[PDB]
Amino acid sequence: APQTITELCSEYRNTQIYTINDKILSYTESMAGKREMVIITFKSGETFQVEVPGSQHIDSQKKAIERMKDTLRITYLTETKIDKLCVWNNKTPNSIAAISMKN
Amino acid sequence: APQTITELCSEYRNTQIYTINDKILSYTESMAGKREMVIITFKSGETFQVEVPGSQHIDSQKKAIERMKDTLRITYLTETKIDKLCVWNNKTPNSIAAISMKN
Amino acid sequence: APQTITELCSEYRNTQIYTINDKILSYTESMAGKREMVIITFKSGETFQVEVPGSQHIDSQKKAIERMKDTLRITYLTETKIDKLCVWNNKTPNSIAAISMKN
Amino acid sequence: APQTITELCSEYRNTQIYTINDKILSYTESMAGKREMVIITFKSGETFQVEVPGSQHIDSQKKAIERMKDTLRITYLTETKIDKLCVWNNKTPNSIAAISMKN
Amino acid sequence: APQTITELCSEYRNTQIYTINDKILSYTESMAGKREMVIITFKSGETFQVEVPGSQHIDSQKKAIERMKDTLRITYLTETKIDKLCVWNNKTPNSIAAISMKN
Ligand SMILES: OC[C@H]1O[C@@H](S[C@@H]2O[C@H](CO)[C@H](O)[C@H](O)[C@H]2O)[C@H](O)[C@@H](O)[C@H]1O
Ligand SMILES: OC[C@H]1O[C@@H](S[C@@H]2O[C@H](CO)[C@H](O)[C@H](O)[C@H]2O)[C@H](O)[C@@H](O)[C@H]1O
Ligand SMILES: OC[C@H]1O[C@@H](S[C@@H]2O[C@H](CO)[C@H](O)[C@H](O)[C@H]2O)[C@H](O)[C@@H](O)[C@H]1O
Ligand SMILES: OC[C@H]1O[C@@H](S[C@@H]2O[C@H](CO)[C@H](O)[C@H](O)[C@H]2O)[C@H](O)[C@@H](O)[C@H]1O
Ligand SMILES: OC[C@H]1O[C@@H](S[C@@H]2O[C@H](CO)[C@H](O)[C@H](O)[C@H]2O)[C@H](O)[C@@H](O)[C@H]1O
């Protein structure tokens, strides 16, 4: 299995690593129909989302999608620094695939 | 693919954005039959609710409803400031569709 | 929908509002068969339970019961002040229907 | 329903109350097959387990078993004092049936 | 039932105990398809994973896997020191079977 977020991210197409080294600036969570999602921003101006489950997701990802939202909420509340984000860049805002936190 | 809560809020009918910029004053949680909901208030005087799951909610929203209630609780306990709320105004009290937090 | 715990409590038969305005003194949790419940007490000596799910509960209450237990545990751990409790008084200890927390 | 852990505990076969009045010393969590359990110890030398779900547990206990594990982990992480433990003593280590906390 | 992580670890083949006595340095979480896993590292250079659920896992382990990921996240966020780890060493990075922490 991969050992780093960078190694993991490269196993996929349409992904990009973003070096954030910062805490989340804003957290947005929606339960509005068809938009059950979370959007996070950074002081840097970059915006990312955890996508609404859909056709392209494999079953195994459903639980992971819920976990990611859980992680982003607590990471935001605790003002924890995010190291890197592996994101799918064929979505707008970019879609979070993986996250890493250091220290 | 909204980038902000206001943009997200505009995709729905009967919604409005409330700029709160404050922590939740009261948190009320009910497990009474047909009243399984959460109600929050702000010192401003606004009261909002996370509705009881009903026939108007699609299947994707069920988990989102539970997530929102989780978010409101932890947000209240941590005295975290809420920035904006996207709410449905055809309900009394207004029903939360999305929340955003900043700082 | 109700806007306050008092308004909400008044919608049911066999309920009464207890003004606590204090943190929980003790938290008891049981996983013993047929006694899967939580019991909380206050300095005042007042004691309350979240009932074991039974035939009197409607399906929609099942997840609300679990949420209420989650809520009591975290408010206990955080020393959070409980404002009022809406409880059914035809059970001993009185059974928690709704809880409100405020400044 | 019982009003205290002592009363609750007395309702079962093969159980005894342990007055611990101390925070958990060590927390062990296993996800190894047929050993998905939690083990906790105290300075006094007492060791207790939350049993792996088994053929002796009724359905309603399944959710309670998972809750108990959640409770022990957060109690450990928060250095919260455990008041008493009601345990089944026909198991080694003794199996947790209920726990109470005060302070 | 085993009484210590060391005893529990011994019951398995291809396992090994790691004495860490340190907080997690970094936490990486992935929801990328087929890589829904968590990777943690320590200052020492040790890297461990919570494997993606697969054909090697039995019924009861599925919930335990999710629990372990929850634990690692909260342990990381709280900078809680990890004492020992029981890992399967026929995986790269080594796969976590059990974790123990002492306060
Ligand atoms: O990553 C391999 C899988 O790709 C998706 S399509 C892909 O899905 C991710 C979320 O997993 C993002 O939404 C990307 O934006 C989107 O392009 C396929 O449907 C799967 O079959 C795999 O090929
Ligand atoms: O928002 C589009 C959907 O509207 C609901 S009705 C709508 O439901 C929300 C919660 O999703 C709030 O309760 C509002 O008060 C209520 O008006 C429809 O039933 C769906 O078919 C969509 O049209
Ligand atoms: O509250 C209306 C419902 O009353 C219950 S009986 C009631 O149930 C609550 C929990 O909802 C407590 O256990 C009370 O002690 C108990 O009396 C009915 O079963 C429902 O049909 C509603 O009528
Ligand atoms: O407690 C009454 C029930 O006892 C179990 S056997 C009992 O189960 C608990 C967990 O509920 C512990 O594992 C004890 O060590 C074990 O002896 C029966 O199977 C049920 O029939 C009830 O009688
Ligand atoms: O541990 C006994 C079982 O071993 C697995 S194979 C074993 O699985 C663990 C997770 O349970 C790790 O992935 C190890 O790397 C892997 O080798 C068998 O499939 C089961 O039948 C038991 O024999």
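About the thresholds
Residues numbered from 1 in each chain as written, not as in the entry; some residues may be left out. Chains lettered and ligands numbered in written order. Heavy atoms only, no water. Least-squares fit on C-alpha atoms. Contact = heavy atoms within 4.5 Å. Axes fitted to C-alpha atoms, helices over the stretch in contact; angles between N-to-C directions. Helix = DSSP H or I, 4+ residues; strand = E, 2+ residues; numbered from the N terminus. Parallel < 35°, antiparallel > 145°, perpendicular 65-115°, else oblique. Left-handed = near helix turned anticlockwise from the far one by under 90°. Nonpolar A, V, L, I, M, F, W, Y, C, P; charged D, E, K, R; others polar. Disulfide = S-S within 2.5 Å. UniProt positions renumbered as here; feature names shortened; annotations may be inferred. Buried < 20%, exposed > 50% of the residue type's maximum accessible area, 1.4 Å probe, protein only. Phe/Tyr/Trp six-rings, centres within 6.5 Å; stacked < 30°, edge-to-face > 60°. Near = heavy atom within 4 Å. Polar contact = N/O pair within 3.5 Å; in protein donor to acceptor, adjacent residues only side chain to side chain. Areas by Shrake-Rupley, 256 points an atom, 1.4 Å probe, with all protein chains shown as cover. Pairing = 2+ DSSP bridges. Buried area = accessible area lost by both parts, 1.4 Å probe. Salt bridge = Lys/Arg side-chain N within 4 Å of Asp/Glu carboxyl O.

(A) Representation of the relation of the copies chain E and chain D in the model. For the pair chain E and chain D, the relating rotation is 72°, the translation along its axis is 0.2 Å, and the fit reaches an RMSD of 0.3 Å. Between the two chains, the operation in question is that of a five-fold axis. Relative to the rotation axis, the closest C-alpha in chain E is found at E:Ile74, a distance of 7.7 Å. A share of only 3% of interface residues in chain E that are also interface residues in chain D marks the association as one of differing surfaces.

(B) Quick look at the packing of helix α2 (residues 59-77) of chain A against helix α2 (residues 61-77) of chain E. Closest axis-to-axis distance for the α2(A)/α2(E) pair is 12 Å, and the angle between their directions is 15°. Looking at the two axes, α2(A) sits roughly parallel to α2(E). Relative to α2(E), α2(A) is oriented so that their crossing is right-handed. Only E:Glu66, E:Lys69, E:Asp70, E:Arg73 and E:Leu77 of α2(E) make contact with α2(A), whose side of the interface consists of A:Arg67, A:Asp70, A:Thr71 and A:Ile74. When grouped by side-chain class, the residues that make up the contact of α2(A) with α2(E) number two nonpolar, one polar and six charged.

(C) Main features of the UniProt feature "disulfide bond" in chain A. All names here are of chain A. Here the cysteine sulfurs of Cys9 and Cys86 are separated by 2.0 Å, meaning the disulfide UniProt annotates for them is intact. Linking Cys9 in helix α1 (residues 5-9) with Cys86 in strand β5 (residues 82-88), this pair joins segments that are 77 residues apart in sequence. The buried category is assigned to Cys86, whose relative accessible area is 1%.

(D) Spotlight on the packing of aromatic side chains. Taken as a whole, this structure holds 15 aromatic pairs over all chains when the rule is applied. Linked through ring pairs, A:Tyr18, A:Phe42 and A:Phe48 together constitute an aromatic cluster.

(E) Quick look at the site of ligand 3. Residues and elements named next belong to chain C. Residues in contact with ligand 3, as listed here, are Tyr12, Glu51, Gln56, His57, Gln61, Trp88, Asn90 and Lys91. Here an oxygen atom of ligand 3 and a side-chain polar atom of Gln61 are 3.0 Å apart. At 2.9 Å from an oxygen atom of ligand 3 is found a side-chain nitrogen or oxygen belonging to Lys91. In isolation ligand 3 exposes 490 Å². Once the protein is present, 65% of that is buried. Split by residue class, the shell around ligand 3 holds two nonpolar, four polar and two charged.

(F) Region of interest: the pairing of strand β5 (residues 82-88) of chain C. Residue and element names in this part refer to chain C. Here β5 lies mainly inside the structure; six of its seven residues are buried. Here β5 pairs with strand β6 (residues 94-102) via six bridges, running antiparallel. Opposite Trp88, over in β6, you have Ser95 as the bridge partner. Count of turn residues in the β5/β6 antiparallel hairpin: five residues.

(G) Region of the structure containing the site of ligand 1. All names here are of chain A. With respect to spatial proximity, the complete set of residues near ligand 1 consists of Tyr12, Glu51, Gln56, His57, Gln61, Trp88, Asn90 and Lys91. The side chain of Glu51 places a nitrogen or oxygen atom 2.7 Å from an oxygen atom of ligand 1. Taking 490 Å² as the accessible area of ligand 1 by itself, protein coverage stands at 63%. Along the lines of polarity and charge, the residues of the shell around ligand 1 split into two nonpolar, four polar and two charged.

(H) Summary view of the relation of the copies chain C and chain B. Turning chain C through 72° and shifting it by 0.1 Å along the axis lays it on chain B, with an RMSD of 0.2 Å. A share of only 3% of interface residues in chain C that are also interface residues in chain B marks the association as one of differing surfaces.

(I) Fine view of the interface of chain E and chain D. Taken residue by residue, the interface counts 31 residues in chain E and 28 residues in chain D. In total, chain E and chain D occlude about 2700 Å² of area from one another, counting both sides; carbon and sulfur atoms represent 57% of this. Its largest share of buried area at the contact with chain D, chain E owes to E:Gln3, E:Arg67 and E:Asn103, together 26% of the area lost on that side. Our count for the contact surface shared by chain E and chain D stands at four salt bridges. The partner of E:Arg67 in a salt bridge is D:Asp70, and the shortest N-O contact between them spans 2.6 Å.

(J) Local environment of unusual backbone geometry. The linkage connecting B:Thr92 with the following residue, B:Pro93, adopts the cis geometry, with an omega of 0°. Note that B:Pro93 resides in the loop between β5 (81-88) and β6 (94-102). Non-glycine residue C:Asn14 carries a positive phi angle of around 65°. Note on placement: C:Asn14 falls in the loop between α1 (5-10) and β1 (15-22). For E:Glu79, which is not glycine, the phi dihedral falls at a positive 50°. Inspection of the secondary structure puts E:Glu79 in the loop between α2 and β5 (82-88).

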